[PDB]
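Structure first, then comments.
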Amino acid sequence: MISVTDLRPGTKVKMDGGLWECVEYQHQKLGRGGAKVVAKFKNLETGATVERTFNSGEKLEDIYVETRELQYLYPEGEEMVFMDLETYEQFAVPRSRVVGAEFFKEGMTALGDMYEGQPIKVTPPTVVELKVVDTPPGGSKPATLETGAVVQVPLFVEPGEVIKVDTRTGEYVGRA
Amino acid sequence: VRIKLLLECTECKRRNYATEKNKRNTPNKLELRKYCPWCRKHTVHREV
Amino acid sequence: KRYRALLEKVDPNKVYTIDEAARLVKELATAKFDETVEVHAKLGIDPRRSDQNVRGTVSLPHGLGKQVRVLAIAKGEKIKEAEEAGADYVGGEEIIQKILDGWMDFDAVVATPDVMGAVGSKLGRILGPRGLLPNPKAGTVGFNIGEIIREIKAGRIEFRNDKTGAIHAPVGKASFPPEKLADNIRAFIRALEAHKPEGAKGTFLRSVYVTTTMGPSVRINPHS
Amino acid sequence: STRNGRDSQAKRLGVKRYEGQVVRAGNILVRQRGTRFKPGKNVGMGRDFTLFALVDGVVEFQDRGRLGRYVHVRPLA
Amino acid sequence: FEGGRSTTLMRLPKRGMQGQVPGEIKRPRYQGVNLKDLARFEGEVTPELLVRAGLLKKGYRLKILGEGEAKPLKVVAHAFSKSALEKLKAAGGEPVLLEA
RNA sequence: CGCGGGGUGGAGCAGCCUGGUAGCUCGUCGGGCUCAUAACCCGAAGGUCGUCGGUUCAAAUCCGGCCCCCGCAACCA
RNA sequence: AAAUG
RNA sequence: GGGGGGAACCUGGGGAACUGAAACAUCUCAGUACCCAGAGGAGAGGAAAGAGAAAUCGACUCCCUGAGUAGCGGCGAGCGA
RNA sequence: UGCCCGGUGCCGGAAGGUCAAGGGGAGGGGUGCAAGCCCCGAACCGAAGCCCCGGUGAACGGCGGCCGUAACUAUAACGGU
RNA sequence: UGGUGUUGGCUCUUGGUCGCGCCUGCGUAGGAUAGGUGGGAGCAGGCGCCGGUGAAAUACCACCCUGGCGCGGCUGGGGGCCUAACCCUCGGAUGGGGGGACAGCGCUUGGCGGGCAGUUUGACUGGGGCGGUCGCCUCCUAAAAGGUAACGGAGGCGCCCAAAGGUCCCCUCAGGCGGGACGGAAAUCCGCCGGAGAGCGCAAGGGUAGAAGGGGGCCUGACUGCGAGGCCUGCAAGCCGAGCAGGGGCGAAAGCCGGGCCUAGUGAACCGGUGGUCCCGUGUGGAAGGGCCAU
Ligand SMILES: [Mg+2]
Ligand SMILES: [Mg+2]
Ligand SMILES: [Mg+2]
Ligand SMILES: [Mg+2]
Ligand SMILES: [Mg+2]
Ligand SMILES: [Mg+2]
Ligand SMILES: [Mg+2]
Ligand SMILES: [Mg+2]
Ligand SMILES: [Mg+2]
Ligand SMILES: [Mg+2]
Ligand SMILES: [Mg+2]
Ligand SMILES: [Mg+2]
Ligand SMILES: [Mg+2]
Ligand SMILES: [Mg+2]
Ligand SMILES: [Mg+2]
Ligand SMILES: [Mg+2]
Ligand SMILES: [Mg+2]
Ligand SMILES: [Mg+2]
Ligand SMILES: [Mg+2]
Ligand SMILES: [Mg+2]
Ligand SMILES: [Mg+2]
Ligand SMILES: [Mg+2]
Ligand SMILES: [Mg+2]
Ligand SMILES: [Mg+2]
Ligand SMILES: [Mg+2]
Ligand SMILES: [Mg+2]
Ligand SMILES: [Mg+2]
Ligand SMILES: [Mg+2]
Ligand SMILES: [Mg+2]
Ligand SMILES: [Mg+2]
Ligand SMILES: [Mg+2]
Ligand SMILES: [Mg+2]
Ligand SMILES: [Mg+2]
Ligand SMILES: [Mg+2]
Ligand SMILES: [Mg+2]
Ligand SMILES: [Mg+2]
Ligand SMILES: [Mg+2]
Ligand SMILES: [Mg+2]
Ligand SMILES: [Mg+2]
Ligand SMILES: [Mg+2]
Ligand SMILES: [Mg+2]
Ligand SMILES: [Mg+2]
Ligand SMILES: [Mg+2]
Ligand SMILES: [Mg+2]
Ligand SMILES: [Mg+2]
Ligand SMILES: [Mg+2]
Ligand SMILES: [Mg+2]
Ligand SMILES: [Mg+2]
Ligand SMILES: [Mg+2]
Ligand SMILES: [Mg+2]
Ligand SMILES: [Mg+2]
Ligand SMILES: [Mg+2]
Ligand SMILES: [Mg+2]
Ligand SMILES: [Mg+2]
Ligand SMILES: [Mg+2]
Ligand SMILES: [Mg+2]
Ligand SMILES: [Mg+2]
Ligand SMILES: [Mg+2]
Ligand SMILES: [Mg+2]
Ligand SMILES: [Mg+2]
Ligand SMILES: [Mg+2]
Ligand SMILES: [Mg+2]
Ligand SMILES: [Mg+2]
Ligand SMILES: [Mg+2]
Ligand SMILES: [Mg+2]
Ligand SMILES: [Mg+2]
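Heads up: the protein sequence lines correspond to chains A, B, C, D and E, in order. According to the UniProt record's numbering, the residues represented by the first sequence are 1 to 138, 147 to 184, in order. If you count the second sequence from 1, position 24 lands on 28 in the UniProt record's numbering, and the numbers rise without skipping. If you count the third sequence from 1, position 13 lands on 18 in the UniProt record's numbering, and the numbers rise without skipping. If you count the fourth sequence from 1, position 49 lands on 57 in the UniProt record's numbering, and the numbers rise without skipping. If you count the fifth sequence from 1, position 33 lands on 83 in the UniProt record's numbering, and the numbers rise without skipping.
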């Protein structure tokens, strides 16, 4: 239970039962009243934000949502499994909490928000390598990547050709 | 600590304890040693 | 048929007391080979609750032997400790090539953290859904590889809940000395009981039995 | 608005029985951190380097050049 | 009280066991009385000749015991200490059991 | 005078708690498409990580002093 | 579908 | 027959807070103050579906003890058979 | 009388998620010589409320930052992030 | 807002729950419809193994699921129609209308609830507020015993080691100048020179190579009953501790060991929880609940 006067962007805390992270913090003490802490937050899983204000007293409740680096191993059910390339533990993350679970790859290294040994956000890198196993040798054509997902690519990019794809736009960002 | 953790020792089927501190992760995954019980004298001793 | 005169050896209504199903579990199994005594138990949890899955091993007082081929994939003289431990197969990122391409003649697979990286990176999907991959919880990763390898021979077996919410695990051989298996059972229960997911509402072990590799499964009181 | 203002509760160290003083077995003769003084005749020292009498007697402070300093206890003869 | 500190209510109640609710278990209590003082009177001391004397009194159940020398005289009591039982074995009374 | 955050390729932002990894978009130069220019396609170069110290086996990262930076306050008289 | 000199 | 009055005392129906806890809320103050109904020279209570450990006592009330005990208690303040 | 429904409010959602008495009794325990008597007690069924999906601005309210760029300069209609 | 009371007729219809038993689970590919998962080399015919298949393999047994019907008991959800409680009404009625077992109201449940109530909203402080600070360790200030202030100067901690602990035996550093294949400027090697500048997990200090440092073999005294005698001290705590007993570890033995080179790594009581113990156990026995030891 940390108060507010002691916040800093980056500090993660539990508010309204949810997980946030102060991203804006500004001590406010005008007039002779008591001081006030006016911050802005971001949910750890959803992007939702919310600026709020607190008095000098009011305590918050710090959380421990450290971000280790996990690793994909294999699919299973409507879930996919990773591993902390550190302590090699096994995490069965439900497809929802794996941002861009598709456009991923059974063996790629991504990032997760460990909150009590259970990722609530699993992001890959902005762009990853993937072997297109589809597309007609026919310009801006659709191409099924090895991970089953499909992407728009140019011509020259043909079956077997490994390319790059921004995991945020699933757009062809060049070849391997 | 967490990776640390508290723990005691049981005389093997019975009572008494020592209560030391294992250390998770590092040399862990169970652990027993020889130590003297309030009753009778010296035996093994498991965690729990 | 043949199990009929074999199934009468079970009181479908009764509740045994381990021991009760011990003298019995031997009269239950009869085959042209030593049957391994299996154990099953419907634990009260939800698979879908990522947290509550149960992954843990246990070193048994009796039963379990080198009836397993363990592979130690490591770097350094770890190999020396491993090989001296009883590491049927030894060799780091060169043996990954064996397994990666065809090879597959073992059961367990221990490894060292230092070379562990490459393992799951290039072996994930293969032995991954096979449960063979090294996992801390299921203690098959690390550096004290010695005891580790040396132990998968004495009596330490894993047991991870399935998706239906049940867990099974061989507690020993059928021609086992009476009070050994019966004792070897409590060892298995006391460890699985000792692993209750903090938020598991209701009663845990809901249905626990004592079967034989081939046939009859006498349900018992897991507090006997 | 500073970054200091701290310290630790003094510990009161040093010789606590000087040469020629009569003690009883038990009296801690010296409190010190390192081994500024070393055990001597009938003078065991403790975990924290605390020299203490081992027998009823007097205290003597033998200075041994580069060999350090000693505190013995010649029992009452 | 005071300072606003913690009195010295920091020290704990090892006095474990000091109160259930129906109350106190009604059980028989024993009164000392060292033979050292029956020596006062010479006849047949009975727990009453005692109360009335100036020792024991209504406390009920008497347990002659302790220090002092015994005396040639019958001592009716509800109990005796191993030691006085002895000092009286030097010739006297031992009307234990007692009570109807 | 304090209050918090910020100085990373040419520009604008990641990376910093969880020390071993420079991530992105535009720009730049090379080459194609055009008569040519854009666009577009192919490929490449570029970061003392503000500086000066310290800690570490090692630091963009941890630690301190400075330098600029942005925003907040300065009330009762 | 597709800007300009 | 009833109705209204009566200084206190009485029973019953309701029922506070300041206080104390060196804040405060449980607790306390206290079923007190007070309000209302009734009773009468008194009122209540009163002949065991009681007590409680004694082969026990024997309606009820009232004084003294038991007793600041047994207990109760943010086991605090303090309340208290 | 512009734009923003992510946050709060109100409105609308016969499914889901958590849901209290109560129902239910696997099974357990204390006693009894026994009938019994008495206690715990899991699966599962249990509203509204909250979560969750949508709506909503004359509902509480909110309405960006740093660079570059034009025939001298300036400035920036323009572009970058 | 659920459950019940007041609360009643008559029907219509659907589930859900477990107990058991029988089914059931259909993309490539595999002489084929692969629910998982643990067993598994066996269970005139066959089956699997083995080979091929795929993410997974195949029998036979398990457990248990998805969804399905079957009886056994157990619980619910609504749809209507009614009239006589209850409600509203009607040129004034033991009656007629309307609503209707709903609502209203009684006990109980969960929730919303500044409409209202009681209160709380820390101290230090070159005025207060804002800032900063609040316990513990190290150094200075601190004036050569101890102690000693300031919103004086400067740093640390809330841990950590199953070896970084016992014991027994061994070994001696950092640097510097040569000298040497890959080799920085210190990777490893050799020669001198080098008393400590190295190291001792972490701050600083004292300490220390006649080890507190490094290495190895056995071990766990990171003992239980105790604790003379002291340090420090307002209380409470904190710290040292020889020796005895039990029972051990190491050593030939002398001996050494009741954690860690030492000073931080912390939290009174209360209230509860877990073992243990048999101490009390409201007439008796026994339970309920306590107590003591341990955590
Ligand atoms: Mg100060
Ligand atoms: Mg000071
Ligand atoms: Mg001081
Ligand atoms: Mg000091
Ligand atoms: Mg206080
Ligand atoms: Mg170009
Ligand atoms: Mg009254
Ligand atoms: Mg009254
Ligand atoms: Mg009050
Ligand atoms: Mg008060
Ligand atoms: Mg009268
Ligand atoms: Mg009278
Ligand atoms: Mg009367
Ligand atoms: Mg009272
Ligand atoms: Mg717009
Ligand atoms: Mg809005
Ligand atoms: Mg809204
Ligand atoms: Mg629902
Ligand atoms: Mg439902
Ligand atoms: Mg119930
Ligand atoms: Mg219930
Ligand atoms: Mg019985
Ligand atoms: Mg609801
Ligand atoms: Mg408007
Ligand atoms: Mg807003
Ligand atoms: Mg210009
Ligand atoms: Mg110009
Ligand atoms: Mg110009
Ligand atoms: Mg613009
Ligand atoms: Mg009708
Ligand atoms: Mg009518
Ligand atoms: Mg009607
Ligand atoms: Mg009607
Ligand atoms: Mg109703
Ligand atoms: Mg309510
Ligand atoms: Mg409120
Ligand atoms: Mg108010
Ligand atoms: Mg008021
Ligand atoms: Mg008040
Ligand atoms: Mg003040
Ligand atoms: Mg001021
Ligand atoms: Mg302040
Ligand atoms: Mg402050
Ligand atoms: Mg203090
Ligand atoms: Mg000094
Ligand atoms: Mg001094
Ligand atoms: Mg050298
Ligand atoms: Mg050289
Ligand atoms: Mg080199
Ligand atoms: Mg060299
Ligand atoms: Mg050197
Ligand atoms: Mg050693
Ligand atoms: Mg002592
Ligand atoms: Mg003493
Ligand atoms: Mg004291
Ligand atoms: Mg230490
Ligand atoms: Mg040591
Ligand atoms: Mg208290
Ligand atoms: Mg307690
Ligand atoms: Mg208990
Ligand atoms: Mg008893
Ligand atoms: Mg009684
Ligand atoms: Mg009773
Ligand atoms: Mg009794
Ligand atoms: Mg009995
Ligand atoms: Mg007990």
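Ideal Cβ placement from N, Cα and C applies to all residues, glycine included.
Task: Inter-residue Cα distance where the pair is B/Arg28 and C/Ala77 - done: 23 Å
Open item on the list: When you compare the region 169-183 of chain C with the region 80-95 of chain C, are there three or more beta-carbon pairs, one atom per stretch, that lie closer than 8 Å?
Closed with: no
Task: Near-chain C residues of the region 49-76 of chain A - C-beta to any C-beta below 8 Å - done: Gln71, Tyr72, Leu73, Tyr74, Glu76
- [ ] Tell me, please, which residues DSSP counts as bridged to C/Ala87.
- [x] None; C/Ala87 has no bridge partner.
Task: Closer than 7 Å to ligand 4: residues, by C-beta to nearest heavy atom, in chain order - done: D/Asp15, D/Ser16, D/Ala18
Task: Sequence-distant residues of its chain with Cβ nearer than 8 Å to A/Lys29 (five each side left out) - done: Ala35, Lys36
- [ ] Jot down the residue ranges of each uninterrupted alpha helix (DSSP H) in the region 22-48 of chain C, minimum 4 residues, whole runs only, in chain order.
- [x] 24-33
Task: Beta-carbon proximity list for A/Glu61, same chain, < 7 Å, skipping 5 on both sides - done: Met1, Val13, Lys14
- [ ] Flag C/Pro134 as yes if its beta-carbon sits less than 7 Å from any beta-carbon of chain A, otherwise no.
- [x] yes
- [ ] Could you name the residues that DSSP lists as bridge partners for C/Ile162?
- [x] C/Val63
Open item on the list: Under 8 Å, with one C-beta from each stretch per pair, do the region 16-34 of chain D and the region 62-70 of chain D reach the 3-pair mark?
Closed with: yes
Task: Beta-carbon proximity check, C/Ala113 vs C/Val146, cutoff 7 Å - done: no
TODO: Using a Cβ cut-off of 8 Å, pull out every chain C residue sitting near B/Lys33, in sequence order please.
DONE: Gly144
TODO: Note down, in chain order, every chain A residue with its Cβ under 7 Å from the Cβ of residue 230 of chain C.
DONE: Nothing can be reported for residue 230 of chain C, as the shown portion of chain C is limited to 6 through 229.
Task: Own chain residues within Cβ distance below 7 Å of A/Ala101, not counting five before or after - done: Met80, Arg95
Open item on the list: Helix, strand or coil, according to DSSP, for E/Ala89 in the structure here?
Closed with: helix
- [ ] Measuring only between beta-carbons, confirm whether A/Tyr88 sits less than 7 Å from chain C.
- [x] yes
Task: Rounded straight-line distance, which links the Cα of C/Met219 to that of C/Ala174 - done: 14 Å
Open item on the list: Run through the DSSP bridge pairs and tell me what C/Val115 is partnered with.
Closed with: C/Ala77
Open item on the list: Quick check: the Cα distance between C/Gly129 and C/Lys85, rounded to an integer number of angstroms?
Closed with: 26 Å
TODO: Output the boundary residues of the alpha helix (DSSP H) element that contains E/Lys139.
DONE: 132-139
Open item on the list: Is the beta carbon of C/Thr62 closer than 7 Å to that of C/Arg161?
Closed with: yes
Task: Inter-residue Cα distance where the pair is C/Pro141 and D/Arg14 - done: 44 Å
TODO: Starting from the beta carbon of C/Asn149, find every residue of chain B whose beta carbon is closer than 9 Å, and list them in chain order.
DONE: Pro31, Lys33
Task: Whole-angstrom distance between C/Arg28 and B/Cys16, CA atom to CA atom - done: 26 Å
Open item on the list: Here's the rule I'm using: 16 or more other beta-carbon atoms within 10 Å means buried, otherwise exposed. How should B/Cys43 be labelled?
Closed with: exposed
Task: Stretch pair the region 80-99 of chain E + the region 112-124 of chain E: three plus CB contacts closer than 8 Å - done: yes
Open item on the list: Does chain C have any CB closer than 7 Å to the CB of A/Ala92?
Closed with: yes
- [ ] Going by DSSP, name the residue or residues bridged to A/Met15.
- [x] A/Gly18
Open item on the list: Against C/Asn140, what residues of chain A qualify as contacts under a CB-to-CB distance less than 8 Å, listed in chain order?
Closed with: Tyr88, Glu89, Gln90
Open item on the list: Strictly by DSSP, which residues pair up with A/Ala151?
Closed with: A/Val159
TODO: Please name the residues in the region 100-130 of chain C whose beta-carbon is closer than 8 Å to at least one beta-carbon of chain A, in chain order.
DONE: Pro118, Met121, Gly122, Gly125, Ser126, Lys127, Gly129, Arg130
TODO: List the residues of chain C whose Cβ lies closer than 7 Å to the Cβ of A/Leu85, in chain order.
DONE: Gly122
Open item on the list: Under 7 Å, Cβ to Cβ, is there at least one residue of chain C near A/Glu106?
Closed with: yes
Open item on the list: Quick check: the Cα distance between C/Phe148 and B/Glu51, rounded to an integer number of angstroms?
Closed with: 22 Å
- [ ] State the CB to CB distance for the pair C/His45 and C/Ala123, rounded to an integer number of angstroms; the pair is presumed to be in contact (CB under 8 Å).
- [x] In fact, because the Cβ distance is near 36 Å, the residues do not count as touching under 8 Å.
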